[PDB]
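**Q** Please find the sequence and an experimentally derived structure below.
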Amino acid sequence: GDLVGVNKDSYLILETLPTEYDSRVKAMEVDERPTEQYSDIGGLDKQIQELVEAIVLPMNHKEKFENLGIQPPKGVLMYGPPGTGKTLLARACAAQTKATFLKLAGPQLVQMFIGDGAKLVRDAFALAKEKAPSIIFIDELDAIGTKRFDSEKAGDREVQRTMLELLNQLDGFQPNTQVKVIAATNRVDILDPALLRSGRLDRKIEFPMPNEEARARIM
Amino acid sequence: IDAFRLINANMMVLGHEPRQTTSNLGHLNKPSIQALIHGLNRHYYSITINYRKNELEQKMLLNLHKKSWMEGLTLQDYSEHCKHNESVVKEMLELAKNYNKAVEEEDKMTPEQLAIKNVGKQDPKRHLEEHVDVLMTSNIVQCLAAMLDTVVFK
Amino acid sequence: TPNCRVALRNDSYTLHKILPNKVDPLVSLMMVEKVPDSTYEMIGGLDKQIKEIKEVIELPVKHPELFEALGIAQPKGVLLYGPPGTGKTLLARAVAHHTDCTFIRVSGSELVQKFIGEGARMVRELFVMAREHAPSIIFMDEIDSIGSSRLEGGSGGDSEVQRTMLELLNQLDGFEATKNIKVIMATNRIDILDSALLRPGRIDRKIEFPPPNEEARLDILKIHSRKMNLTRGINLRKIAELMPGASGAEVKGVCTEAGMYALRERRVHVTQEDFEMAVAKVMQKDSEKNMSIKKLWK
Amino acid sequence: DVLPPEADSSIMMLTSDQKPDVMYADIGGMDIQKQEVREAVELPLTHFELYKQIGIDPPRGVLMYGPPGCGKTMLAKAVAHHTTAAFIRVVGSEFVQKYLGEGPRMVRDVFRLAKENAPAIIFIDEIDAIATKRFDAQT
Amino acid sequence: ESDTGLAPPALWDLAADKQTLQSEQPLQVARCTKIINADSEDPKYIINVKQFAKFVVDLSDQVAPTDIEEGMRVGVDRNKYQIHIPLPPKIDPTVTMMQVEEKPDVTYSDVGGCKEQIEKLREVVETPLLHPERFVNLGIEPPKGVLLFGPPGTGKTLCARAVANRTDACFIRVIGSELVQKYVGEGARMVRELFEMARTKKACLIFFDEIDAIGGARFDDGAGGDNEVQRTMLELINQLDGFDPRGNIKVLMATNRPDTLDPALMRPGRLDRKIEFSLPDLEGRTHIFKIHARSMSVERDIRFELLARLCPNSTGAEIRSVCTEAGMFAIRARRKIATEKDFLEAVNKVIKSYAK
Amino acid sequence: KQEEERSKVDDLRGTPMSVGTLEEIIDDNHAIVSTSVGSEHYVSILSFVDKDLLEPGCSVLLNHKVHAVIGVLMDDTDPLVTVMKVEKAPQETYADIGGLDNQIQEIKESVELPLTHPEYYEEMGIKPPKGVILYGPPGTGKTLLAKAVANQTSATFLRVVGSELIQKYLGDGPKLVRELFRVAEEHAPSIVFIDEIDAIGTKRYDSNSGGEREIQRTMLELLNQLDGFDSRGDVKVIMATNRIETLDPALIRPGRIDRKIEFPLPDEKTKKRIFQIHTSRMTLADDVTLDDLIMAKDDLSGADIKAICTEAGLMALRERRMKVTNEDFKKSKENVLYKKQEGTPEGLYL
Amino acid sequence: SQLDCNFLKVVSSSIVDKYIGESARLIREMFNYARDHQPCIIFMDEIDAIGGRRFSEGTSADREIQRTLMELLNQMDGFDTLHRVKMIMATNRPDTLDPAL
Ligand SMILES: Nc1ncnc2c1ncn2[C@@H]1O[C@H](COP(=O)(O)OP(=O)(O)OP(=O)(O)O)[C@@H](O)[C@H]1O
Ligand SMILES: Nc1ncnc2c1ncn2[C@@H]1O[C@H](COP(=O)(O)OP(=O)(O)OP(=O)(O)O)[C@@H](O)[C@H]1O
Ligand SMILES: Nc1ncnc2c1ncn2[C@@H]1O[C@H](COP(=O)(O)OP(=O)(O)O)[C@@H](O)[C@H]1O
């Protein structure tokens, strides 16, 4: 599967040619995350710490978690009412761990032909574990997270594979302790309990309604 | 193999290849369509090449390439030899039956035009005596080499 | 010269020689060359469909001065249709037999060719061969796939075989109204193919094929029982009376099953009862008899 | 040179590895259905004089059906064991390709193979992939 | 006979003796390709033919490795495939063809009734151009881009022209489909050319009309073999920020569909303010009737309130259509003026045929 | 013996001349061309090539050594702008059709009135309409009505079927639109009649493949040059399809087309003329009774009437006669008309 | 991990494509590697995606997956003899499949 440089006459392998791919995940690579100060967030400081306890200490103390006898998790879920910081939190924490943020929208996965999301998901998870200990964020997986065993038109065929090819990529067969997933929704019960259990996303981060004291802090 | 030689571009008013006292130039090659398209004759010209053959080279090349001493008196032992005299009889028989089929047929309405517009180049005497000649010469060479070694070896 | 192929030199690109005969690759499908396969009297019962076809094909050929004397033009377009396949090939092969005229059969599934353009170019290359022999008839077999409907292009209904249907409709009458060319199209399902070639500007004869009647079913039975071995004391009408809306081909199935029953007994004779169990084998339908499906609705 | 005719277009014969490897008497229980196919396929092949005498014209083909696991492929193997034809079998969903025209051309390649060759036997396993009733090709 | 490109000898007779021989053996033949990518400090350029293969070749010493970017038609050798002098697509004046800088024939009173958004367009356009004082003293950065959205023909083109004659300096209208080109990487060069040659002159206005075509539509979900709208869209969001350190020139977009919305555009620094247009209540309709009747021969004793009461939901293109249709009723007979009942039929003809 | 300099240049170029394709023209004695395999070359151009007719979209002559532009080539007999012009006259003027006089004043005021009497528009300053849509049930009166109005005109007329604009050379589509509208502009204010426009315009889908984009760009450039708004010179365009709901919406919206004429149903009034029109050019004997055929059958078009008269002519020639009797008409009425009679609620509604 | 020779892991969701016959080509390509190499295990996860029940007129996208499924039913157990090959299927919805599977 390698794109080696070949002589035009002898047909000799001499070059390596670093092997690019489709432009779509290239368009998904978002670098240069601006440093957002955590104090911009009001009233949600417990969830900030529980996130920093979840991800940053696995990034720093790589050998504290190995001699103790445990494994750091790799699945964190944010949920709550839409507009409470689902897109204000982890991209404020992606700004200090220098680990190459990589977004993933929900409805971009749904394409017109069949078997497009199964290519597009796997190649996105390919490129991250090709790289350094990167961070994959998925935004609105409520779109591709159906409530399965239901064969009803038209969302009965195109979603469940892309749902699965996600799921079999997360834990799957081989261990994927190279890249962390901080995927977030705004809805819980519409999900089917397939990836919804532990192993995958288990750190349930509820977002409460901002208080009077939280909103006055934010203003 | 061909060699060539460039003519100058100053002889544009005079015809190229200034031949004077020779008539061998019509020989040894004529300029083909794949040659006169690129540069002949307006850029370069062709030249004749002969082969410097002599003695002290030619007979010693033949006597070491196409020559065998021990091979000219072998016997090619008769497991496959008389076996080769059996696969050829059958196909010759079928050609003989096919030769039988045409000779008994004998179209005799406009024969000379029917014969010339309907040729096959395999029936009459093409496949009839070709293999027959080959089987005849082989056993003669084989038996004569068999008889000579019986005369020689005791 | 129109459609004149020439020999070109491959080095200087100069002319070499005017070439012989015109563009006709793959004429192995064309020019069937074998005249006897079947006679005329082995059809029976469908004589009206026979007389219409004979005097819509052989009459424009053998006496064109009659049609050139009234003032109207001669027909060239024939459509045959019958859903179970009754007289859809036999009537074709018979008229292909006693005509002394060139017969070209092309199934409507061959022109598809792998990449673009090639499947389109041989359309016109056929008709120029068809006009090359003016006494000729082209037969089309199962024009149902190529010729269905002009759908969208971005969604399904790929516009690749559509160009051939455009070419076929615009060749016979797009440029010049040709002559001595009769076409025959044979398929069922006359609700799913396209209707633009179904206007009376192109096809004049929509000859159908009804299921055979009891007199017709008797006549088909006498065809196939002619070569068998029959025992005396048998009625053939009552066999046809036990076929309520048969399909012509089912007469063969009854003849084979009655033959197969006499085979296992090692007997060259056949009874009336052999056919009675033969028809009852073939009459196996989902509209079961029950006496109550058809009597509650009287 | 001129190549011999039909040196191409598929290679789908069963001679000498691979074999079905089952005897005809292995299937216990089909006293009619084993007897029915054998009348239709093997019996025309040898005893052709019996059909011609009556004028039966032995049948061209045979549809088998029913629930799974009744003995369908197992019968076709023991047919293929005791036969002297070039047994040519094919998966149903095999000859459908990305490029148009490939499917129907492979249909022609199979039939010209078997017709030009010996009195062979063509076996298609499933056709419900490619043989339902037809409607308006919207796609 | 034929032509084969001939002429009478008076202009090419002196050309055809020795200049043809100097255009054969000295003058070479090059080809065009496309450039996929590049490398750093060393060329190692990857070039595709799209018909032959993808080649990894090097540039010649005739050009400098400065302007050779991804996606440029360059000259390719026949033997060594080396990169010769690249070729530009089109030259030169493609900016003046859309920048007429001409006084338009639009009265400021041609939009009446929805004056609230016109004052918003007064503040966003006119005040950072001529009153940049309160922006400095208080401490808010002035906005520099506003998207317009809503029902079609509501007055989008009308209000965008109302600011055009208001200052009369460098108005640039961009057709949304004009940037939809055929070549790979064609508009993104033009977007570079528009942005540089507009920043030379001050007090300039650029309008993007119908950004449903190129301004962030589906970003890349339907075009999976060409990728031109996206590359231009990625380029324009790239050249808008970064290459605008405290500019003066304003850029406005308008859309019909309120769906083609980039959150990266609503990042603060590109697009900040939401201004939509809505339907007239009563009087903004009647004003348009007063607009499209004064230019034609009508009766001076007819009213326009009653007509707008018959039209609950209507746009200015529809109101213009009624006047043309009621125009045609007066032409159907020999009437040289327009009577009220011809307007009444034209209401019933336009509305009660397909709308409701 | 006098012609020398032209003879040398007839001999200067290479002999196996190939045929090229103009793509872009740069005025520095070299440009970019295209071969037949889509391979493109940075070649040059000579001086004798008569640089006046070099248009991107024209054909040229190329070489094998350097492949430079040997000479410009003509259109090589491509009559795609001249054949569609109707030279002769169409069918009968207004007495051919019957019972469509509701729709006649619409097209007469839209076409004849802007040309013959352009004073009603100038009395009030009101512009004429540009486009007219003719839709309705298929084969109703649409082609017959367009020939009826085009017969009564005093300007040139165009007949476009719509399939003769679609080619695959990636430029030929929108070029012939510009080449026709240049012919219509330079010549008299012709009547553009592009029939079957639903094959080119519907629902505006954009795919990634290269089979559909050759339609959309030709459609888009058509709407561009229809509304070019530079100098059109009052060119009247008549567009017609059968259905209307699966069409392009921006061609429907005003500013483009403001005339959407429908062609409704029939009756037993308009039929009797078409029976008389189709039974005029034949040896109609004095023993035929068409009135019994008219009253009996109650749903048929003129294309049905034509199919009756032809089958009546065929039945008379099968029995080896010249004239036609009534019986040939009776059987033709009973034979041909039995192909579509299906679906009626009889005796339910008085 | 233990007693492994040749272990294939199929996700059974990525084996669909936009082209009509390509998924069946993948399956036979998977099984010929299984005959290339002796004893081998084919693990297909989640049969619920590509399995399911046959039914009537069914939105032509679904016709492909039934053809992909019919290819799988034939190749692993059909006319030929699958030898030294074992198959581990694993899912969560065994309720509605093909009963022929
Ligand atoms: N009148 C008849 N006499 C004898 N046999 C008949 C008759 N009608 C039908 N058959 C039998 O029916 C079978 C079908 O042939 P036919 O031409 O009628 O339809 P077909 O062409 O096979 O249908 P399709 O066009 O669907 O293939 C033939 O084997 C034929 O023997
Ligand atoms: N009568 C029988 N005698 C012996 N074995 C049988 C019998 N019937 C079924 N079997 C066993 O059951 C299996 C039946 O499967 P077979 O390969 O015949 O196709 P099927 O399962 O019947 O049809 P399909 O594969 O289409 O579902 C055989 O492998 C065979 O081992
Ligand atoms: N804790 C917070 N403090 C300040 N602003 C917040 C907070 N949570 C959300 N926001 C604001 O919400 C806006 C976007 O809401 P967001 O979380 O993106 O909604 P969603 O993620 O559901 O689309 C941001 O502009 C941000 O300023």
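**A** Nice, I can see it. Numbers count the residues shown, from 1 in each chain, chains lettered A, B, ... in the order given. Ligands and ions are numbered 1, 2, ... in the order given.

**Q** Which secondary structure state does residue C:182 sit in?
**A** For residue C:182, the assignment made with DSSP: H, G, I helix; E, B strand; the rest coil gives strand.

**Q** ok, now which ones touch it?
**A** Going by Cβ atoms under 8 Å, 6 or more residues apart in numbering or on different chains, residue C:182 touches C:56-57, C:60, C:76, C:78, C:137-138. For the C-beta atoms, the positions are set from N, CA and C on the backbone; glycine is no exception.

**Q** before we move on, what about residue E:149?
**A** E:254-258, E:274, E:276.

**Q** can you check residue C:298 too?
**A** Taking Cβ under 8 Å, 6+ apart, one finds nothing in contact with residue C:298.

**Q** Check residue C:67 too.
**A** Counted by Cβ under 8 Å, 6+ apart, residue C:67 has contacts C:60, C:73-74, F:317.

**Q** Output the set of residues of the stretch 51-200 of chain C in proximity to ligand 1.
**A** Counting by Cβ under 6 Å from any ligand atom, the positions of the stretch 51-200 of chain C adjacent to ligand 1 are C:85-90, C:186.

**Q** Filter the residues you listed down to just the buried residues.
**A** In those, burial by neighbour count holds for C:86-88, C:186, counting by 16 or more other Cβ atoms under 10 Å in any protein chain shown.

**Q** In JSON lines: these, plus secondary structure and distance to residue A:119.
**A** Below are these laid out as JSON lines (DSSP: H, G, I helix; E, B strand; the rest coil; distance: Cβ to Cβ, whole Å):
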{"residue": "C:86", "secondary structure": "coil", "distance to residue A:119": "51"}
{"residue": "C:87", "secondary structure": "coil", "distance to residue A:119": "53"}
{"residue": "C:88", "secondary structure": "coil", "distance to residue A:119": "47"}
{"residue": "C:186", "secondary structure": "strand", "distance to residue A:119": "46"}
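
**Q** and which of those residues is nearest to chain B?
**A** Closest approach to chain B among those (Cβ to the nearest Cβ): residue C:186, at 40.7 Å.

**Q** Now whichever residue of the stretch 1-150 of chain C sits closest to ligand 1: closest residue in space that isn't a chain neighbour?
**A** Per Cβ to the nearest ligand atom, residue C:85 is where the stretch 1-150 of chain C lies closest to ligand 1, at 2.4 Å. Nearest in space to residue C:85, with sequence neighbours left out and distances taken as Cβ to Cβ, 6 or more residues apart in numbering or on different chains, is residue C:249 at 6.7 Å.

**Q** could the buried ones among the residues of the stretch 51-200 of chain C next to ligand 1 go into TSV alongside distance to ligand 2?
**A** Shown next, in TSV, are those (distance: Cβ to the nearest ligand atom, whole Å):
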residue	distance to ligand 2
C:86	33
C:87	36
C:88	33
C:186	35
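
**Q** Does the helix or strand that contains residue F:274 pack against any helices or strands, and if so which?
**A** Using DSSP states H and E, residue F:274 falls within helix F:271-278. If you count contacts as 3 or more Cβ pairs under 8 Å, 6 or more residues apart in numbering or on different chains; DSSP states H and E, helix F:271-278 packs onto helix F:291-296, helix F:302-318.

**Q** Highest mean neighbour count out of these?
**A** Burial of the helices and strands packed on helix F:271-278 is given as mean neighbour count (mean count of other Cβ atoms under 10 Å in any protein chain shown); helix F:302-318 ranks first at a mean of 20.

**Q** Provide a list of residues in contact with residue D:87.
**A** D:13-14, D:80, D:120-121, D:123.

**Q** Looking at those residues, which are in strands?
**A** Judged by DSSP state E, the contacts of residue D:87 include D:121, D:123 as members of strands.

**Q** Taking the contacts of residue D:87 together, which two end up most distant?
**A** D:13 and D:123 (12.4 Å; Cβ to Cβ).

**Q** Got a PyMOL select line for the buried ones in the contacts of residue E:149?
**A** Burial among the contacts of residue E:149 is assessed by 16+ other Cβ under 10 Å; the matching PyMOL selection reads:
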select buried, chain E and resi 254+255+256
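
**Q** Residues contacting stretch D:3-20, please?
**A** Outside stretch D:3-20, the residues touching it (Cβ under 8 Å, 6+ apart) are D:76-78, D:80-81, D:86-90, D:106, D:109-110, D:112-113, D:116-117, G:79-80.

**Q** Return the subset of those lying in strands.
**A** Using DSSP E, the contacts of stretch D:3-20 in strands are D:87-90.

**Q** in stretch F:277-284, what counts as buried?
**A** F:277-279, F:282.

**Q** residue contacts, residue 21?
**A** This is for chain A. So residue A:21 contacts A:123, A:126-127 (Cβ under 8 Å, 6+ apart).

**Q** Switch to chain G, please.
**A** D:93, D:96-98.

**Q** how much space between the residue most central in space within chain F and chain C?
**A** Geometric centre of chain F, nearest residue: residue F:160, 1.4 Å, by Cα atoms, centre = their mean. From residue F:160 across to chain C, the span is 15 Å (Cβ to the nearest Cβ, to the nearest Å).

**Q** Is the residue lying closest to that residue once chain neighbours are set aside part of a helix or strand, or is it coil?
**A** The shortest distance from residue F:160 to any residue other than its chain neighbours is 4.2 Å, reached at residue F:194 (Cβ to Cβ, 6+ apart). Judged by three-state DSSP, the three-state class of residue F:194 is strand.

**Q** From residue F:200, how far off is residue F:194?
**A** 9 Å (Cβ to Cβ, to the nearest Å).

**Q** between those two, what contacts are shared?
**A** The contact lists of residue F:194 and residue F:200 share residue F:162, where a contact means Cβ under 8 Å, 6+ apart.

**Q** circling back to that earlier point, nearest to residue E:244 among the residues of the stretch 51-200 of chain C next to ligand 1?
**A** residue C:186 (72.1 Å).

**Q** if I pick the closest residue to residue A:101 other than its chain neighbours, what's in contact with it?
**A** For residue A:101, ignoring the flanking residues on the chain, the nearest one in space by Cβ to Cβ, 6+ apart is residue A:94 at 4.5 Å. Residues in contact with residue A:94 (Cβ under 8 Å, 6+ apart) are A:33, A:101, A:135, A:137.

**Q** quick revisit: which among the contacts of residue D:87 end up buried?
**A** D:13-14, D:80, D:120-121.

**Q** ok, which residues in the stretch 101-250 of chain F are in contact with chain C?
**A** By Cβ under 8 Å from any Cβ of the partner chain, the residues of the stretch 101-250 of chain F that approach chain C are F:139, F:163, F:199, F:202-203, F:205-207, F:211-212, F:215.

**Q** and residue F:72, how many neighbours?
**A** Residue F:72 sits with 22 neighbouring residues when counted by other Cβ atoms under 10 Å in any protein chain shown.

**Q** tell me the contacts of it?
**A** E:3-5, F:49-50, F:53-54, F:58-61.

**Q** coming back round to it: most neighbours, which of the contacts of residue G:21?
**A** Going by other Cβ under 10 Å, residue D:93 tops these with 26 neighbours.

**Q** looking at this, that one is in a helix?
**A** No: using three-state DSSP, the secondary structure at residue D:93 is coil, not a helix.

**Q** now it: how far from residue G:29?
**A** Counting by Cβ to Cβ, the gap from residue D:93 to residue G:29 is 15 Å.

**Q** Noted, bye for now.
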